[PDB]
Amino acid sequence: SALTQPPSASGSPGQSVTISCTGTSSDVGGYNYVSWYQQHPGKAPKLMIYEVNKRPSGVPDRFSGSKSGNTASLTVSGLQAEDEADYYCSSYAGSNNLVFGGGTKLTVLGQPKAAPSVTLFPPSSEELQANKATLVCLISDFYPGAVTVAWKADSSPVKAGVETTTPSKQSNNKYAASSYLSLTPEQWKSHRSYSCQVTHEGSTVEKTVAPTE
Amino acid sequence: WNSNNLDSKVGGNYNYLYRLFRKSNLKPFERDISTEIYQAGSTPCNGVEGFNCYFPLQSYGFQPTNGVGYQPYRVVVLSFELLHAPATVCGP
Amino acid sequence: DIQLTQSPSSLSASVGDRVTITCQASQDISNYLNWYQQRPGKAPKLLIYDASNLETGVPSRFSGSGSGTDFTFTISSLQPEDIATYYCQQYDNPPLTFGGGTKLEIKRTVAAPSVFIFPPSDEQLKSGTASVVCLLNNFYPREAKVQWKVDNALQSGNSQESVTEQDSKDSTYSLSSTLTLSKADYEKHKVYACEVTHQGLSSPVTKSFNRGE
Amino acid sequence: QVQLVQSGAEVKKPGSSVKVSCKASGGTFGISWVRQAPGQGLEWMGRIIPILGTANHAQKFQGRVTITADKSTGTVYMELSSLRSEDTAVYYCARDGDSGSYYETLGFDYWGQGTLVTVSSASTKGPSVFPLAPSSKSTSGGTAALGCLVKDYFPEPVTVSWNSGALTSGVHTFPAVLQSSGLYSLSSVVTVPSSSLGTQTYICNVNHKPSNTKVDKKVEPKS
Amino acid sequence: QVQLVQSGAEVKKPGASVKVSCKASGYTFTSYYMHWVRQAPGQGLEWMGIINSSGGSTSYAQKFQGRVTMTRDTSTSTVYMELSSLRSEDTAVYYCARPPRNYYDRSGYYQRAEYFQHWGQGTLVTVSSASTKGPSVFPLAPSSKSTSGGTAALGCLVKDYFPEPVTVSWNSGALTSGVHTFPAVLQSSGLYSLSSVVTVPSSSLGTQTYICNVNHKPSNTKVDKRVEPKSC
């Protein structure tokens with residue numbers, strides 16, 4: 001709203017990506033106060049370009065701003081994996097009005113698939129003593145951020161009591177997700193073993209867990 | 001001379017102003033009392049303060065607890081002009 | 001002739017540190033002392049006059065005090081742009097004299113150099129001499145080892161280095177290693193490499209080129 | 001030394017008022033506020049120049065935003081009143097120019113950390129902390145994995161540290177999960193050498209500020 | 001705006017005389033004293049003397065007594081300083097400086113205020129036997145695809161010139177961001193050499209033209225050079 005920034009630009013390493021930010025004459029076209037911010041998920045925005053073409057102290061030369069008519073454009077020249085972030089544009093819309101863009105999720109293409117690293121934790125004695133149980137399945141360091149979780153009771157699927165998070169980008173540019181299976185102590189102690197299966201890009205990773213008596 | 005007692009008061013005195021912005025420097029013995037919104041950037045300002053558009057004058061804010069450097073001093077400047085006219089001011 | 005001694009002659013402090021320099025006079029000059037901040041290549045810049053008065057346009061972080069024979073100049077929080085040589089001057093009695101100077105430097109986080117190589121120009125080869133240049137851009141600390149390898153043979157006594165002054169913004173250094181050879185000697189070999197070893201580099205970085213491509 | 005430190009992790013019932021502070025360190029000409037709804041984009045809120053006395057509001061926040069500053073403390077406050085579910089967002093400070101140069105670039109150099117203001121009717125809950133114990137399955141590689149499960153808490157956020165912050169190597173605090181119940185849950189794992197499993201004690205510290213809940217939990221292998 | 005513009009850097013044979021000019025603009029010339037300050041390369045500042053712009057009264061330091069002469073022209077608002085019988089110790093940069101006006105005390109005591117608010121850019125006087133030589137400017141092209149990685153570095157090599165200094169700008173001064181002009185190096189041949197590099201986005205390598213301007217005033221040599229990447 002208020003600006004048109006294409007949500008999903010993508011690029012490849014070494015190549016150049018041009019992200020657009022389209023306004024009107026009264027906001028982007030008329031005046032030369034345009035800014036480009038880069039924001040990694042979970043972190044605060046960082047200034048990359050201000051006043052259309054000005055790189056602040058500490059920004060690599062790869063990021064180059066420009067403007068044409070009613071469209072500002074940020075060009076990333078030396079694309080690296082680290083550049084995978086959300087890019088917002090801001091502009092002067094008049095005295096006492098500053099307008100931001102919708103954001104562009106820049107995806108760098110080249111990257112090698114990473115298999116998901118899975119760790120399965122059984123319920124704690126403290127939790128079992130409270131007439132509850134929860135299996136924890138933690139998935140880290142995979143790419144792309146698309147996994148599917150399945151729970152098996154000895155062999156058979158369990159579709160009830162599962163809560164799986166949406167994959168989110170880590171600091172190391174890979175993705176992480178968690179999945180919790182809430183169960184009763186009866187169900188826990190009445191089965192041979194439970195298993196968390198994570199499917200990623202056709203491959204699968206299984207982790208099993210059994211009670212200790 | 002220092003006039004902290006006369007010019008400052010509790011909660012600060014805001015009756016004393018100074019001009020913070022002007023398009024050009026003043027010529028000697030010039031007085032600018034205009035209150036035009038100063039255009040500091042490329043924005044028009046349209047007669048209303050805002051982004052890169054500030055009120056030209058600013059308040060001194062003389063607190064009694066302020067340091068000596070920020071206390072109100074009163075200044076008198078005596079200028080002795082000698083033109084091709086009858087000298088009408090003399091002493092003993 | 002009033003002699004002025006400055007203590008220290010050099011110093012290095014971190015960003016935000018409080019810095020203090022002393023100027024001692026051989027005779028009593030009440031407060032007829034001034035402080036100048038000469039940046040490299042530029043002229044002196046007056047910061048403090050009458051030993052305690054801040055010059056119009058100087059940040060609040062600077063201060064000066066003292067009387068008689070002893071004066072002190074203080075920086076509240078050392079900012080990156082404060083790197084210069086600071087001098088004291090007296091005007092109590094002719095002739096005017098200046099202190100020894102105090103070269104102030106910044107202590108910074110370790111930064112790795114960007115290494116570039118430049119073969120000799122086609123124009124210069126017409127003249128008989130060939131100059132190969134290696135650039136180490138924006139690093140810290142100032143120490144760095146630069147080795148010339150011609151056909152993987154170490155060259156010595158033929159290169160000269162030039163190091164810039166500390167940058168007023170990022171407090172980094174830059175270095176130019178010029179290797180000068182004769183055209184005959186230059187055409188004798190094929191592979192010209194510049195090998196940089198620096199603290200901010202995990203392994204030695206080599207930037208090479210083959211003659212005639 | 002030019003950092004902006006933002007306080008607060010406040011939770012407010014709809015219709016109430018929230019006040020967020022920004023402490024400026026180093027030189028700062030003017031401080032602006034920018035809000036970001038969870039998952040959505042950035043939107044501008046207002047700007048203040050304490051050395052000049054001017055303040056700005058976006059048109060949508062007319063009558064709701066009050067931006068003040070106290071120079072004695074060097075801090076800048078922003079108060080949003082008549083809160084609704086639409087306001088639940090993260091609020092950032094932003095520097096607009098250094099202590100000199102009365103110019104405004106409209107590019108915000110340094111940003112504070114997140115200040116999450118969750119506006120909800122629903123009552124806060126507070127977490128239940130459980131230890132996730134290592135096994136030969138996780139330990140035999142020379143490196144074992146310990147963990148803490150922070151279950152059934154509301155609202156965000158929760159802070160999980162290890163050994164009162166004395167253990168940072170190999171700490172991975174997973175993002176929360178929004179359950180069907182509308183409550184959050186997360187896990188925090190740490191990789192530690194197996195050799196230290198018997199020598200050193202490993203405590204996880206969970207802090208939920210909205211409920212003033214502080215829980216230590218010892219993670220030991222199950223015998 | 002107040003401005004002190006000094007004459008170009010000069011090279012003079014030992015025993016000769018130099019005359020350095022300091023032109024004042026942007027204030028009434030005949031209302032302030034002018035002081036001279038010399039600074040040897042690597043050494044500190046040293047006072048030379050004072051001249052009265054109004055009446056022409058002059059006071060030189062005892063070290064320079066009989067060898068330094070300070071001249072003044074009111075019509076052109078300029079100050080000249082001449083040093084004769086030059087030696088190797090005199091190789092230095094010479095600054096003019098204006099202090100504020102001396103004021104009278106309440107008691108009537110002449111209070112001198114000799115702190116220097118405005119300085120010139122400096123005039124380097126190199127005292128040497130060696131004949132002046134004009135520089136050779138060569139392009140340092142990022143032939144290697146340093147463009148891959150978003151940032152290219154281009155440069156200019158100013159080789160075999162004498163004496164100091166040379167002025168190197170980029171795009172007639174329109175490019176200052178990321179410019180590093182290295183200090184000069186005295187080669188074995190007794191001639192100076194330096195390099196000036198600039199870091200630019202690779203995207204602009206084809207869009208913007210990059211000219212380096214080298215100016216050696218002692219030899220009246222001005223060379224523009226267009227630096228283009230070598231395509232292998």
# chains A, B, ... in the order shown; residues from 1 in each chain; ligands from 1
>>> residues_around(residues="range 54-71 of chain B", least_positions_apart="4", cutoff="8 Å", atoms="only C-alpha atoms", output="count of residues only")
30
>>> closest_atom_pairs(of="chain C", to="chain B", cutoff="12 Å", atoms="only C-alpha atoms", output="JSON lines")
{"residue": "C:52", "atom": "CA", "partner": "B:69", "partner_atom": "CA", "distance": 11.7}
{"residue": "C:53", "atom": "CA", "partner": "B:69", "partner_atom": "CA", "distance": 10.0}
{"residue": "C:54", "atom": "CA", "partner": "B:69", "partner_atom": "CA", "distance": 10.4}
{"residue": "C:60", "atom": "CA", "partner": "B:69", "partner_atom": "CA", "distance": 11.4}
>>> closest_atom_pairs(of="chain E", to="chain C", cutoff="8 Å", atoms="only C-alpha atoms", output="JSON lines")
{"residue": "E:44", "atom": "CA", "partner": "C:100", "partner_atom": "CA", "distance": 6.0}
{"residue": "E:45", "atom": "CA", "partner": "C:98", "partner_atom": "CA", "distance": 5.9}
{"residue": "E:46", "atom": "CA", "partner": "C:97", "partner_atom": "CA", "distance": 6.5}
{"residue": "E:47", "atom": "CA", "partner": "C:96", "partner_atom": "CA", "distance": 5.9}
{"residue": "E:61", "atom": "CA", "partner": "C:95", "partner_atom": "CA", "distance": 6.4}
{"residue": "E:95", "atom": "CA", "partner": "C:43", "partner_atom": "CA", "distance": 7.7}
{"residue": "E:113", "atom": "CA", "partner": "C:91", "partner_atom": "CA", "distance": 7.8}
{"residue": "E:114", "atom": "CA", "partner": "C:91", "partner_atom": "CA", "distance": 6.0}
{"residue": "E:115", "atom": "CA", "partner": "C:49", "partner_atom": "CA", "distance": 6.5}
{"residue": "E:116", "atom": "CA", "partner": "C:46", "partner_atom": "CA", "distance": 6.6}
{"residue": "E:117", "atom": "CA", "partner": "C:46", "partner_atom": "CA", "distance": 5.9}
{"residue": "E:119", "atom": "CA", "partner": "C:43", "partner_atom": "CA", "distance": 6.5}
{"residue": "E:120", "atom": "CA", "partner": "C:43", "partner_atom": "CA", "distance": 7.1}
{"residue": "E:121", "atom": "CA", "partner": "C:43", "partner_atom": "CA", "distance": 6.2}
{"residue": "E:122", "atom": "CA", "partner": "C:43", "partner_atom": "CA", "distance": 7.0}
{"residue": "E:138", "atom": "CA", "partner": "C:121", "partner_atom": "CA", "distance": 6.5}
{"residue": "E:139", "atom": "CA", "partner": "C:121", "partner_atom": "CA", "distance": 6.4}
{"residue": "E:140", "atom": "CA", "partner": "C:118", "partner_atom": "CA", "distance": 5.6}
{"residue": "E:141", "atom": "CA", "partner": "C:118", "partner_atom": "CA", "distance": 6.3}
{"residue": "E:142", "atom": "CA", "partner": "C:118", "partner_atom": "CA", "distance": 6.3}
{"residue": "E:143", "atom": "CA", "partner": "C:118", "partner_atom": "CA", "distance": 7.3}
{"residue": "E:144", "atom": "CA", "partner": "C:209", "partner_atom": "CA", "distance": 7.7}
{"residue": "E:146", "atom": "CA", "partner": "C:116", "partner_atom": "CA", "distance": 7.8}
{"residue": "E:153", "atom": "CA", "partner": "C:116", "partner_atom": "CA", "distance": 7.4}
{"residue": "E:180", "atom": "CA", "partner": "C:164", "partner_atom": "CA", "distance": 7.4}
{"residue": "E:181", "atom": "CA", "partner": "C:164", "partner_atom": "CA", "distance": 7.5}
{"residue": "E:182", "atom": "CA", "partner": "C:164", "partner_atom": "CA", "distance": 5.4}
{"residue": "E:183", "atom": "CA", "partner": "C:162", "partner_atom": "CA", "distance": 6.2}
{"residue": "E:184", "atom": "CA", "partner": "C:162", "partner_atom": "CA", "distance": 7.2}
{"residue": "E:185", "atom": "CA", "partner": "C:162", "partner_atom": "CA", "distance": 6.8}
{"residue": "E:195", "atom": "CA", "partner": "C:176", "partner_atom": "CA", "distance": 7.5}
{"residue": "E:232", "atom": "CA", "partner": "C:213", "partner_atom": "CA", "distance": 5.2}
>>> closest_atom_pairs(of="chain D", to="chain A", cutoff="6 Å", atoms="only C-alpha atoms", output="JSON lines")
{"residue": "D:41", "atom": "CA", "partner": "A:102", "partner_atom": "CA", "distance": 5.6}
{"residue": "D:43", "atom": "CA", "partner": "A:100", "partner_atom": "CA", "distance": 5.7}
{"residue": "D:56", "atom": "CA", "partner": "A:96", "partner_atom": "CA", "distance": 5.6}
{"residue": "D:58", "atom": "CA", "partner": "A:97", "partner_atom": "CA", "distance": 5.9}
{"residue": "D:107", "atom": "CA", "partner": "A:50", "partner_atom": "CA", "distance": 5.0}
{"residue": "D:109", "atom": "CA", "partner": "A:47", "partner_atom": "CA", "distance": 5.6}
{"residue": "D:177", "atom": "CA", "partner": "A:165", "partner_atom": "CA", "distance": 5.2}
>>> select_by_dssp(residues="range 96-172 of chain D", states="helix (DSSP H, G or I)", output="VMD selection string")
chain D and resid 136 to 139 163 to 165
>>> residues_around(residues="range 9-23 of chain D", least_positions_apart="5", cutoff="8 Å", atoms="only C-alpha atoms", output="MDAnalysis selection string")
chainID D and resid 4 74:85 93 112 115:121 155 157 209:210
>>> write_last_selection(atoms="N, CA and C atoms", output="PDB file, in the first residue's frame")
ATOM      1  N   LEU D   4      21.706   3.307  19.987  1.00  0.00           N
ATOM      2  CA  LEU D   4      20.423   3.662  20.569  1.00  0.00           C
ATOM      3  C   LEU D   4      19.816   2.470  21.303  1.00  0.00           C
ATOM      4  N   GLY D  74      18.597  12.583  28.623  1.00  0.00           N
ATOM      5  CA  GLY D  74      19.036  12.288  27.273  1.00  0.00           C
ATOM      6  C   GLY D  74      18.156  11.280  26.546  1.00  0.00           C
ATOM      7  N   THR D  75      16.932  11.040  27.042  1.00  0.00           N
ATOM      8  CA  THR D  75      16.062  10.003  26.497  1.00  0.00           C
ATOM      9  C   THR D  75      14.897  10.601  25.701  1.00  0.00           C
ATOM     10  N   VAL D  76      14.281   9.797  24.829  1.00  0.00           N
ATOM     11  CA  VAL D  76      13.159  10.235  24.005  1.00  0.00           C
ATOM     12  C   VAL D  76      12.018   9.246  24.188  1.00  0.00           C
ATOM     13  N   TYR D  77      10.820   9.773  24.478  1.00  0.00           N
ATOM     14  CA  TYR D  77       9.658   8.936  24.740  1.00  0.00           C
ATOM     15  C   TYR D  77       8.645   9.086  23.605  1.00  0.00           C
ATOM     16  N   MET D  78       7.937   7.991  23.324  1.00  0.00           N
ATOM     17  CA  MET D  78       6.861   7.985  22.349  1.00  0.00           C
ATOM     18  C   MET D  78       5.677   7.247  22.964  1.00  0.00           C
ATOM     19  N   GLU D  79       4.538   7.950  23.044  1.00  0.00           N
ATOM     20  CA  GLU D  79       3.346   7.430  23.694  1.00  0.00           C
ATOM     21  C   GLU D  79       2.242   7.277  22.650  1.00  0.00           C
ATOM     22  N   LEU D  80       1.710   6.051  22.584  1.00  0.00           N
ATOM     23  CA  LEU D  80       0.574   5.730  21.740  1.00  0.00           C
ATOM     24  C   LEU D  80      -0.603   5.366  22.641  1.00  0.00           C
ATOM     25  N   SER D  81      -1.719   6.090  22.451  1.00  0.00           N
ATOM     26  CA  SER D  81      -2.919   5.898  23.256  1.00  0.00           C
ATOM     27  C   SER D  81      -4.015   5.276  22.398  1.00  0.00           C
ATOM     28  N   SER D  82      -5.071   4.787  23.075  1.00  0.00           N
ATOM     29  CA  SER D  82      -6.221   4.150  22.446  1.00  0.00           C
ATOM     30  C   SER D  82      -5.757   2.975  21.585  1.00  0.00           C
ATOM     31  N   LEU D  83      -5.048   2.035  22.220  1.00  0.00           N
ATOM     32  CA  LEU D  83      -4.452   0.925  21.495  1.00  0.00           C
ATOM     33  C   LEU D  83      -5.534  -0.048  21.054  1.00  0.00           C
ATOM     34  N   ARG D  84      -5.317  -0.694  19.907  1.00  0.00           N
ATOM     35  CA  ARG D  84      -6.161  -1.810  19.484  1.00  0.00           C
ATOM     36  C   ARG D  84      -5.290  -2.962  19.005  1.00  0.00           C
ATOM     37  N   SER D  85      -5.924  -4.032  18.519  1.00  0.00           N
ATOM     38  CA  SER D  85      -5.239  -5.224  18.052  1.00  0.00           C
ATOM     39  C   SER D  85      -4.380  -4.920  16.834  1.00  0.00           C
ATOM     40  N   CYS D  93      13.566   2.809  17.288  1.00  0.00           N
ATOM     41  CA  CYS D  93      14.106   4.153  17.175  1.00  0.00           C
ATOM     42  C   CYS D  93      14.986   4.240  15.924  1.00  0.00           C
ATOM     43  N   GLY D 112      17.574   1.040  16.979  1.00  0.00           N
ATOM     44  CA  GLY D 112      17.540   0.318  18.239  1.00  0.00           C
ATOM     45  C   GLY D 112      17.088  -1.124  18.045  1.00  0.00           C
ATOM     46  N   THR D 115      11.267  -3.345  20.234  1.00  0.00           N
ATOM     47  CA  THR D 115      10.373  -3.212  21.378  1.00  0.00           C
ATOM     48  C   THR D 115       8.969  -3.706  21.026  1.00  0.00           C
ATOM     49  N   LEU D 116       8.632  -4.919  21.475  1.00  0.00           N
ATOM     50  CA  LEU D 116       7.386  -5.543  21.071  1.00  0.00           C
ATOM     51  C   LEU D 116       6.308  -5.103  22.040  1.00  0.00           C
ATOM     52  N   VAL D 117       5.239  -4.527  21.477  1.00  0.00           N
ATOM     53  CA  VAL D 117       4.090  -4.118  22.266  1.00  0.00           C
ATOM     54  C   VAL D 117       2.908  -4.975  21.821  1.00  0.00           C
ATOM     55  N   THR D 118       2.537  -5.932  22.680  1.00  0.00           N
ATOM     56  CA  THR D 118       1.435  -6.813  22.364  1.00  0.00           C
ATOM     57  C   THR D 118       0.183  -6.260  23.027  1.00  0.00           C
ATOM     58  N   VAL D 119      -0.791  -5.975  22.177  1.00  0.00           N
ATOM     59  CA  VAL D 119      -2.063  -5.455  22.614  1.00  0.00           C
ATOM     60  C   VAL D 119      -3.048  -6.607  22.528  1.00  0.00           C
ATOM     61  N   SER D 120      -3.523  -7.055  23.695  1.00  0.00           N
ATOM     62  CA  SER D 120      -4.527  -8.104  23.650  1.00  0.00           C
ATOM     63  C   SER D 120      -5.463  -8.026  24.845  1.00  0.00           C
ATOM     64  N   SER D 121      -6.706  -8.450  24.594  1.00  0.00           N
ATOM     65  CA  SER D 121      -7.695  -8.611  25.646  1.00  0.00           C
ATOM     66  C   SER D 121      -7.236  -9.738  26.559  1.00  0.00           C
ATOM     67  N   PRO D 155       2.044 -13.380  26.813  1.00  0.00           N
ATOM     68  CA  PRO D 155       2.400 -13.361  25.395  1.00  0.00           C
ATOM     69  C   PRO D 155       3.908 -13.391  25.182  1.00  0.00           C
ATOM     70  N   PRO D 157       7.601 -11.573  24.547  1.00  0.00           N
ATOM     71  CA  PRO D 157       8.570 -12.649  24.363  1.00  0.00           C
ATOM     72  C   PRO D 157       9.098 -13.259  25.657  1.00  0.00           C
ATOM     73  N   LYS D 209       8.773 -11.480  31.169  1.00  0.00           N
ATOM     74  CA  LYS D 209       8.575 -10.177  31.791  1.00  0.00           C
ATOM     75  C   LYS D 209       7.093  -9.847  31.950  1.00  0.00           C
ATOM     76  N   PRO D 210       6.222 -10.111  30.942  1.00  0.00           N
ATOM     77  CA  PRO D 210       4.795  -9.826  31.097  1.00  0.00           C
ATOM     78  C   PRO D 210       4.140 -10.452  32.326  1.00  0.00           C
TER      79      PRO D 210
END
>>> residues_around(residues="range 141-149 of chain D", least_positions_apart="5", cutoff="6 Å", atoms="only C-alpha atoms", output="PyMOL selection string")
chain D and resi 129-134+187-194
>>> interface_residues(of="chain D", to="chain C", cutoff="12 Å", atoms="only C-alpha atoms", output="mmCIF file with C-alpha atoms, in the first residue's frame")
data_model
loop_
_atom_site.group_PDB
_atom_site.id
_atom_site.type_symbol
_atom_site.label_atom_id
_atom_site.label_comp_id
_atom_site.auth_asym_id
_atom_site.auth_seq_id
_atom_site.Cartn_x
_atom_site.Cartn_y
_atom_site.Cartn_z
ATOM 1 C CA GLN D 1 29.630 4.606 20.772
ATOM 2 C CA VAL D 2 26.654 5.810 18.696
ATOM 3 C CA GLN D 3 24.127 3.173 19.788
ATOM 4 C CA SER D 25 24.313 7.406 23.145
ATOM 5 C CA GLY D 26 26.810 9.532 21.277
ATOM 6 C CA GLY D 27 25.619 12.427 19.137
ATOM 7 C CA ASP D 98 24.751 13.304 13.791
ATOM 8 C CA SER D 99 24.919 15.827 16.659
ATOM 9 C CA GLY D 100 26.001 18.478 14.153
ATOM 10 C CA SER D 101 24.695 19.044 10.618
#
>>> interface_residues(of="chain C", to="chain A", cutoff="12 Å", atoms="only C-alpha atoms", output="short mmCIF file (atom, residue, chain, number, x, y, z; two decimals) with N, CA and C atoms, in the first residue's frame")
data_model
loop_
_atom_site.label_atom_id
_atom_site.label_comp_id
_atom_site.auth_asym_id
_atom_site.auth_seq_id
_atom_site.Cartn_x
_atom_site.Cartn_y
_atom_site.Cartn_z
N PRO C 80 36.13 9.08 15.84
CA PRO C 80 37.06 8.64 14.80
C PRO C 80 37.73 9.78 14.01
N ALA C 111 40.39 -5.40 11.11
CA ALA C 111 39.74 -5.45 9.80
C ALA C 111 40.68 -6.03 8.74
N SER C 114 41.21 -5.54 1.57
CA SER C 114 40.83 -5.93 0.23
C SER C 114 42.06 -5.83 -0.66
N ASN C 138 41.66 -0.59 3.14
CA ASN C 138 40.76 -0.54 4.29
C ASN C 138 40.99 -1.71 5.25
N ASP C 167 42.17 6.75 8.26
CA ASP C 167 40.96 7.36 7.72
C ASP C 167 40.16 8.02 8.84
N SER C 168 39.59 9.20 8.55
CA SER C 168 38.88 10.01 9.52
C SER C 168 37.49 9.44 9.81
N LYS C 169 37.09 8.38 9.10
CA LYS C 169 35.73 7.87 9.22
C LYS C 169 35.76 6.48 9.85
N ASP C 170 36.47 5.54 9.21
CA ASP C 170 36.48 4.15 9.65
C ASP C 170 37.79 3.77 10.35
N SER C 171 38.74 4.70 10.42
CA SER C 171 39.99 4.49 11.14
C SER C 171 40.77 3.29 10.60
N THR C 172 40.79 3.14 9.27
CA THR C 172 41.50 2.04 8.63
C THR C 172 42.75 2.59 7.93
#
>>> interface_residues(of="chain D", to="chain B", cutoff="12 Å", atoms="only C-alpha atoms", output="CSV table (one decimal) with C-alpha atoms, in the first residue's frame")
chain,number,residue,atom,x,y,z
D,30,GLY,CA,16.8,13.8,15.7
D,32,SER,CA,12.4,9.0,14.6
D,46,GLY,CA,6.9,10.3,13.8
D,47,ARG,CA,10.1,12.3,14.3
D,48,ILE,CA,11.5,14.6,17.0
D,49,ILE,CA,14.4,16.9,17.1
D,51,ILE,CA,17.4,20.4,20.1
D,52,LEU,CA,14.7,22.2,18.1
D,53,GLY,CA,11.4,21.2,19.8
D,54,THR,CA,9.6,20.2,16.6
D,55,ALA,CA,7.7,16.8,16.4
D,56,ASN,CA,5.9,15.1,13.5
D,57,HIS,CA,3.1,12.6,13.2
D,58,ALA,CA,1.8,10.4,10.4
D,72,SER,CA,18.5,16.0,31.4
D,96,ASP,CA,18.4,11.2,11.8
D,97,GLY,CA,21.8,12.9,11.4
D,101,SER,CA,24.7,19.0,10.6
D,102,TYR,CA,21.2,20.3,11.2
D,103,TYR,CA,20.3,18.6,7.9
D,104,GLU,CA,17.8,15.7,7.8
D,105,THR,CA,18.8,12.9,5.3
D,106,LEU,CA,15.5,11.0,5.9
>>> closest_atom_pairs(of="chain A", to="chain E", cutoff="12 Å", atoms="only C-alpha atoms", output="JSON lines")
{"residue": "A:12", "atom": "CA", "partner": "E:148", "partner_atom": "CA", "distance": 11.9}
{"residue": "A:13", "atom": "CA", "partner": "E:149", "partner_atom": "CA", "distance": 8.6}
{"residue": "A:14", "atom": "CA", "partner": "E:148", "partner_atom": "CA", "distance": 5.5}
{"residue": "A:15", "atom": "CA", "partner": "E:148", "partner_atom": "CA", "distance": 8.0}
{"residue": "A:16", "atom": "CA", "partner": "E:203", "partner_atom": "CA", "distance": 8.4}
{"residue": "A:17", "atom": "CA", "partner": "E:203", "partner_atom": "CA", "distance": 10.7}
{"residue": "A:18", "atom": "CA", "partner": "E:203", "partner_atom": "CA", "distance": 10.9}
{"residue": "A:53", "atom": "CA", "partner": "E:201", "partner_atom": "CA", "distance": 11.4}
{"residue": "A:54", "atom": "CA", "partner": "E:177", "partner_atom": "CA", "distance": 9.8}
{"residue": "A:55", "atom": "CA", "partner": "E:177", "partner_atom": "CA", "distance": 9.3}
{"residue": "A:56", "atom": "CA", "partner": "E:177", "partner_atom": "CA", "distance": 10.3}
{"residue": "A:57", "atom": "CA", "partner": "E:177", "partner_atom": "CA", "distance": 9.9}
{"residue": "A:58", "atom": "CA", "partner": "E:178", "partner_atom": "CA", "distance": 11.2}
{"residue": "A:59", "atom": "CA", "partner": "E:151", "partner_atom": "CA", "distance": 11.2}
{"residue": "A:60", "atom": "CA", "partner": "E:151", "partner_atom": "CA", "distance": 7.5}
{"residue": "A:61", "atom": "CA", "partner": "E:201", "partner_atom": "CA", "distance": 4.9}
{"residue": "A:62", "atom": "CA", "partner": "E:150", "partner_atom": "CA", "distance": 4.0}
{"residue": "A:63", "atom": "CA", "partner": "E:201", "partner_atom": "CA", "distance": 7.6}
{"residue": "A:64", "atom": "CA", "partner": "E:201", "partner_atom": "CA", "distance": 6.9}
{"residue": "A:65", "atom": "CA", "partner": "E:203", "partner_atom": "CA", "distance": 10.3}
{"residue": "A:66", "atom": "CA", "partner": "E:204", "partner_atom": "CA", "distance": 10.8}
{"residue": "A:74", "atom": "CA", "partner": "E:203", "partner_atom": "CA", "distance": 11.0}
{"residue": "A:75", "atom": "CA", "partner": "E:203", "partner_atom": "CA", "distance": 7.9}
{"residue": "A:76", "atom": "CA", "partner": "E:150", "partner_atom": "CA", "distance": 7.3}
{"residue": "A:77", "atom": "CA", "partner": "E:150", "partner_atom": "CA", "distance": 4.4}
{"residue": "A:78", "atom": "CA", "partner": "E:150", "partner_atom": "CA", "distance": 3.6}
{"residue": "A:79", "atom": "CA", "partner": "E:149", "partner_atom": "CA", "distance": 6.9}
{"residue": "A:80", "atom": "CA", "partner": "E:149", "partner_atom": "CA", "distance": 8.1}
{"residue": "A:81", "atom": "CA", "partner": "E:149", "partner_atom": "CA", "distance": 11.9}
>>> select_by_dssp(residues="chain A", states="strand (DSSP E)", output="PyMOL selection string")
chain A and resi 10-11+17-22+34-39+46-49+63-68+71-76+86-94+97-100+104-105+107-108+117-121+133-142+148-153+156-157+162-164+168-169+175-183+194-200+203-209
>>> closest_residue(among="B:44, B:27, B:92, B:33", to="chain A", atoms="only C-alpha atoms")
B:44
>>> interface_residues(of="chain B", to="chain E", cutoff="12 Å", atoms="only C-alpha atoms", output="list in words")
residues 24, 25, 26, 27 and 28 of chain B
>>> atom_distance(atom1="CA of residue 129 in chain E", atom2="CA of residue 66 in chain E")
23.6 Å
>>> atom_distance(atom1="CA of residue 218 in chain D", atom2="CA of residue 163 in chain D")
9.7 Å
>>> residues_around(residues="residue 160 in chain D", least_positions_apart="5", cutoff="7 Å", atoms="only C-alpha atoms", output="list in words")
residues 204, 205, 206 and 207 of chain D
>>> write_last_selection(atoms="N, CA, C and O atoms", output="CSV table (one decimal), in the first residue's frame")
chain,number,residue,atom,x,y,z
D,204,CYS,N,19.4,-23.5,32.9
D,204,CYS,CA,18.8,-22.6,31.9
D,204,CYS,C,17.9,-21.6,32.7
D,204,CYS,O,17.1,-22.0,33.6
D,205,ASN,N,18.0,-20.4,32.3
D,205,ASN,CA,17.2,-19.3,33.0
D,205,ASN,C,16.2,-18.7,32.0
D,205,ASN,O,16.5,-18.2,30.9
D,206,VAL,N,14.9,-18.9,32.4
D,206,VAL,CA,13.8,-18.4,31.6
D,206,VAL,C,13.2,-17.2,32.3
D,206,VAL,O,13.0,-17.3,33.5
D,207,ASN,N,13.0,-16.1,31.5
D,207,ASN,CA,12.4,-14.9,32.0
D,207,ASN,C,11.3,-14.5,31.1
D,207,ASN,O,11.5,-14.2,29.9
